[PDB]
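**Student:**
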Amino acid sequence: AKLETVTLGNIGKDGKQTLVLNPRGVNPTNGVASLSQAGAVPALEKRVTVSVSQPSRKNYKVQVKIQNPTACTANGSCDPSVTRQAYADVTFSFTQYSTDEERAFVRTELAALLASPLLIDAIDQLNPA
Amino acid sequence: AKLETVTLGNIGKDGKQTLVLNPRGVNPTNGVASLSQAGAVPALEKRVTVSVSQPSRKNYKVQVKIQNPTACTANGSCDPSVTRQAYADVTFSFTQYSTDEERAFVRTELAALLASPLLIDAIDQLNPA
Amino acid sequence: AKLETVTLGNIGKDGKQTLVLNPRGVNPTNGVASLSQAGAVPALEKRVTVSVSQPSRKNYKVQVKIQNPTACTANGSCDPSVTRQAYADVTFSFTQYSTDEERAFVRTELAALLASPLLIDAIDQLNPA
Amino acid sequence: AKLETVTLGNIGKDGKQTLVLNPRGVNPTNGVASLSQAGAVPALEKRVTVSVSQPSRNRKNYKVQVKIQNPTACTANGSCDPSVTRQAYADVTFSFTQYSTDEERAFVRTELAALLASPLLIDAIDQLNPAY
Amino acid sequence: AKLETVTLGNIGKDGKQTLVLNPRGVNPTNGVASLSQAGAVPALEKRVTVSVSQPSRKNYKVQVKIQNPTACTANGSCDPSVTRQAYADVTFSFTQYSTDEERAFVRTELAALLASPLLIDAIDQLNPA
Amino acid sequence: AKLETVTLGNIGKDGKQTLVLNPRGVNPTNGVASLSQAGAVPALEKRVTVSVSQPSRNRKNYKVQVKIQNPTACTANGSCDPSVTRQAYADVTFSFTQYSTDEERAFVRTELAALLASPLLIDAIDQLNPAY
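Protein chains in written order, with the entry's author numbering: chain C, 1 to 56, 59 to 131; chain C', 1 to 56, 59 to 131; chain A, 1 to 56, 59 to 131; chain B, 1 to 132; chain A', 1 to 56, 59 to 131; chain B', 1 to 132. A prime marks a further copy of an entry chain.
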């Protein structure tokens, strides 16, 4: 669709957060759209980069990269810097004949594991299975 | 945590689906756990493979691969075969000092985009941004 | 005992089946008896091969192999062919001093697990433990 | 399924026995689950080890493999703690091609679960008489 | 048993401490379970690793390793680092015929020396005997 | 401190036991102290060997190392003097960097002295159940 201010709601371990993402245009060299938090220091922005790569491999590759840096202001300078860069990547794939449901069943599945008690115990605490 | 029957609920484009995933043991050669649908043809099972790779790169890599094949029974044989293999991949990353929140804020974020009107228009229909 | 038409009754996931096995003589090169279904295409017969190997290792090895092929007629040809070959193997073992009970307690045990809710969930659906 | 206390009932040549098997966790190095009798001497326990080996780059076939194992204790010896004299193994290694349907499996289970009670094997195991 | 939040109570030289250890899954390559403090910097976590190695040597080896790092923040940097790594190891052993009591008498013994006035004078102050 | 009769109390799975350990001198070749039960057959004694190894030119870390050892006596045999059948060892090898404070040590002692009584180990030692 058209890039708009995605108001991601109810995020965070407690589930009471917000995250607005202003659009940031489509980098035309690789078709990678981008979003970003309104945080007005553009090396400390929660970035989100969606994209779709049409067959050139014969498979659509919806690829959502998000990226959350953390700012460690304290001691010795004034402008905060980037200490930890907590990436996160999602690279779907779909054969040319992938129906409408066989896709929206991989989306909501991966959108349901990431809230199931198997992953919030395998990401929020890095406990393996 | 411990692998159990993850009863992923309310999936699918319409939002009225279920998907139970019986545990399938931890492949010890690479620490990759696995889940699978109760669908009793084990080349037609909706597979899900979580894993966590401790620092050996100095970054934890929670990597959730899911995989949904589709079965095209009709014409000419009896046992259905695998026609389309609609993959989906998620490879997080976290620096050794990644706090508890800086992780559970990348999980629920990626678990909220995949339900936001930006991706269900960029996956369910492959419309780019 | 003497090979006879073993009328295996109440088989199958539903428990309402029959399976008659006509004797098929004792292959003398290795003492391996054999049974077989009355299905009159002798490359599509549910085979069963019992045997006992006296000490030559100092341990009796009762070894029951059964074997169920499936016939996929719809092909392009007339005579059905063997597509899947669903083996199954049982190799007991008993020390020379194995009493009468210490054997008939390994038989009926293995004959009770294969009907317990631990295996008909670990064979009929390949769910591991 | 989930490992639980499998209360195997009606076992033994006479058919009047019980055998409870407490779960014993999944050895993670090879995915081999394990059960065991409540017999509280852990070198004299009737062990049972189920497992399922998913297709890897060595074979494309599921291998449900149930090993059971019954040792016998010969106390009267000269010592106090009983020892393991005879180790009456028993092995079951199924196999199923990737396309093995639900019935083509539960028909190999209950078959092998019906021979082991048919008058052909309880005369070829309980007495080691071969087939003749 | 099943890994759970072990709430180790009444620890420390004064005896008024707590230490909760969230489970951290069973590393399947070597069967070594793991616990960890809720301290949300996963290179500064009080780790505890239990394990049991079945006969492959003919002796069970219950092996409990615990490990307490200390964080020296004041440095010149922002993210604290690991200065001292105060290990501690316990490797039991038991012959295949080890009864139930002959084990729970080595546990509680070693669990009673470590509180007797012989060791809290040979660990808390490194005074030899 | 000084080796004395350590009267370890409230031991055993039931928690109602005693175990007195008379001192047994410091083997000077390696600085390994030793204790022992008053059981007056000195190949059937519950041994306990503490030691501290100061930093040498092989490692810069104190290594408090407590080995205990409980043999069991199987009299009934054919002979008169009981013999050693099972040798149920147990080992504890701490470690501490030269700058290890007083608390960072007495917090590893009482921790390891609290796990060995927590419901995670008395289910992973008294029954050898691994963690699952």
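All residues carry an ideal CB built from backbone N, CA and C; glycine is no exception.
Between the Cα of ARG59 of chain A' and those of A':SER95, A':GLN17 and A':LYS13, spot the shortest distance and give me the residue it belongs to.
**Tutor:** Minimum Cα distance to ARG59 of chain A' is reached at A':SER95.
**Student:** Between the Cα of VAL20 of chain B and those of B:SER100, B:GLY9 and B:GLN54, spot the shortest distance and give me the residue it belongs to.
**Tutor:** When each option's Cα is compared against that of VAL20 of chain B, the closest is B:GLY9.
**Student:** Can you tell me where the alpha helix (DSSP H) with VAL108 of chain B' in it begins and where it stops?
**Tutor:** Residues 103-115.
**Student:** Counting C-beta neighbours from all protein chains within 10 Å, is the total for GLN127 of chain A 16 or more, i.e. buried, or is it exposed?
**Tutor:** When all chains shown are included, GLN127 of chain A counts as buried.
**Student:** So for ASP14 of chain A', helix, strand or coil by DSSP?
**Tutor:** Looking at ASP14 of chain A' - three-state DSSP - the assignment turns out to be coil, as it is neither helix nor strand.
**Student:** In the DSSP assignment, the beta strand (DSSP E) including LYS67 of chain B' goes from what residue to what residue?
**Tutor:** Residues 65-73.
**Student:** Applying the criterion that 16 or more other CB atoms from any shown protein chain within 10 Å of the CB defines a buried residue, is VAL84 of chain C buried or exposed?
**Tutor:** By the neighbour-count rule (16 or more Cβ atoms within 10 Å), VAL84 of chain C is not buried but exposed.
**Student:** How is the beta strand (DSSP E) around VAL26 of chain C delimited, first residue to last?
**Tutor:** Where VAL26 of chain C is concerned, there is no enclosing beta strand (DSSP E), given that its DSSP letter is neither H nor E.
**Student:** Mind checking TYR62 of chain B': buried by the 16 CB within 10 Å criterion, or exposed?
**Tutor:** It is buried - the Cβ of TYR62 of chain B' has at least 16 other Cβ atoms within 10 Å.
**Student:** Cβ closer than 8 Å: which chain C' residues qualify as neighbours of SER100 of chain C?
**Tutor:** In chain order: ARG86 and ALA88.
**Student:** Helix, strand or coil for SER95 of chain B' per DSSP?
**Tutor:** DSSP places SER95 of chain B' in coil when its eight states are reduced to three.
**Student:** Which residue or residues does DSSP assign as beta-bridge partners of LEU128 of chain A'?
**Tutor:** None; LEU128 of chain A' has no bridge partner.
**Student:** To which residues of the same chain is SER100 of chain A closer than 8 Å at the C-beta, ignoring the five residues directly before and after it?
**Tutor:** Hits under 8 Å: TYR62.
**Student:** With 8 Å as the limit, tell me which residues of the stretch 111-132 of chain B' have their beta carbon closer than that to any beta carbon of chain A'; keep them in chain order.
**Tutor:** Those residues of the stretch 111-132 of chain B' that come within reach of chain A' (Cβ to Cβ, closer than 8 Å) are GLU111, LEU112, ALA113, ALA114, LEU115, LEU116, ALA117, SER118, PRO119, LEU120, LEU121, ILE122, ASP123, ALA124, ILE125, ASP126, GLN127, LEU128, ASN129, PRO130, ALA131 and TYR132.
**Student:** Excluding the 5 residues flanking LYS46 of chain C on each side, which residues of the same chain have their C-beta closer than 6 Å to its C-beta?
**Tutor:** Excluding positions up to five away in sequence, the list reads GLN37 and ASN70.
**Student:** So with CB distances below 7 Å, who are the chain B' contacts of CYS80 of chain B?
**Tutor:** Going along chain B' in sequence order, the residues near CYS80 of chain B (Cβ under 7 Å) are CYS74, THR75 and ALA76.
**Student:** Taking Cβ positions only, does residue 141 of chain B come closer than 9 Å to chain B'?
**Tutor:** Because chain B is modelled from 1 through 132, residue 141 of chain B falls outside the range shown and cannot be assessed.
**Student:** Identify every residue that forms a DSSP beta bridge with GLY9 of chain A.
**Tutor:** Paired residue(s): A:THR18.
**Student:** Are the CB atoms of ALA73 of chain A' and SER51 of chain A' within a distance shorter than 9 Å?
**Tutor:** No; because the gap between Cβ atoms is not below 9 Å, this pair is not in contact.
**Student:** In the structure shown, what three-state DSSP assignment does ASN61 of chain A' receive?
**Tutor:** Reduced to three states, the DSSP call for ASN61 of chain A' is strand.
**Student:** Which residues of chain C' have a Cβ atom closer than 8 Å to the Cβ of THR29 of chain A', listed in chain order?
**Tutor:** Under the 8 Å cutoff, chain C' gives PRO28 and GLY31.
**Student:** With distance defined between alpha-carbon atoms, name the residue in B':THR29, B':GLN54, B':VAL66 and B':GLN17 nearest to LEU35 of chain B'.
**Tutor:** Checking every option, the nearest Cα to that of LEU35 of chain B' belongs to B':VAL66.
**Student:** When the Cα atoms are used, what is the spatial distance from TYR89 of chain A' to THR110 of chain C?
**Tutor:** Whole-angstrom Cα-Cα distance: 45 Å.
**Student:** Tell me which residues share the same chain as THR5 of chain C' and place their Cβ nearer than 6 Å to its Cβ, disregarding the 5 neighbours each side in the sequence.
**Tutor:** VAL20 and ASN22.
**Student:** Closest Cβ-Cβ distance between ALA43 of chain B and chain A': below 9 Å?
**Tutor:** By this cut-off, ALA43 of chain B is an interface position.
**Student:** Listing by chain order, which chain B residues have their CB less than 8 Å from the CB of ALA1 of chain C'?
**Tutor:** Residues of chain B passing the Cβ test: none, with the nearest at roughly 14 Å.
**Student:** Taking 9 Å as the threshold (C-beta atoms), are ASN27 of chain A' and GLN87 of chain C' in contact?
**Tutor:** Going by C-beta atoms, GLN87 of chain C' is not nearer than 9 Å to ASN27 of chain A'.
**Student:** If you follow the beta strand (DSSP E) that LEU35 of chain C is part of, which residue opens it and which one closes it?
**Tutor:** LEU35 of chain C -> beta strand (DSSP E) spans 35-37.
**Student:** Going straight from the alpha carbon of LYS2 of chain A to that of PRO130 of chain B, what length do you get?
**Tutor:** Computed Cα separation, rounded: 8 Å.
**Student:** Give a yes or no on whether the C-beta atoms belonging to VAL64 of chain C' and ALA124 of chain C are separated by under 9 Å.
**Tutor:** Yes, they are a contact pair.
**Student:** Quick check: what's the CA-CA separation for residue 142 of chain C' versus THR29 of chain B?
**Tutor:** Missing from the structure shown is residue 142 of chain C'; chain C' here goes from 1 to 131 and no further.
**Student:** Return the Cβ separation of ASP91 of chain B' and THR49 of chain A' in integer angstroms, given the expectation that the two are a contact with Cβ distance under 8 Å.
**Tutor:** Not a contact, Cβ separation roughly 15 Å.
**Student:** Rounded to whole angstroms, how far is the Cβ of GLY78 of chain B' from the Cβ of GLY78 of chain B, which I believe are closer than 8 Å?
**Tutor:** 4 Å between Cβ atoms; contact.
**Student:** I believe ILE122 of chain B touches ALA106 of chain A by the beta-carbon criterion, under 8 Å. Please report the beta-carbon distance rounded to the nearest angstrom.
**Tutor:** Going by Cβ atoms, the distance from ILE122 of chain B to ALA106 of chain A rounds to 7 Å, so yes, they are a contact pair.
**Student:** How is the beta strand (DSSP E) around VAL48 of chain B delimited, first residue to last?
**Tutor:** Run containing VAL48 of chain B: 47-49, per the beta strand (DSSP E) assignment.
**Student:** Please state the DSSP three-state secondary structure of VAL41 of chain C.
**Tutor:** Reduced to three states, the DSSP call for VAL41 of chain C is coil.
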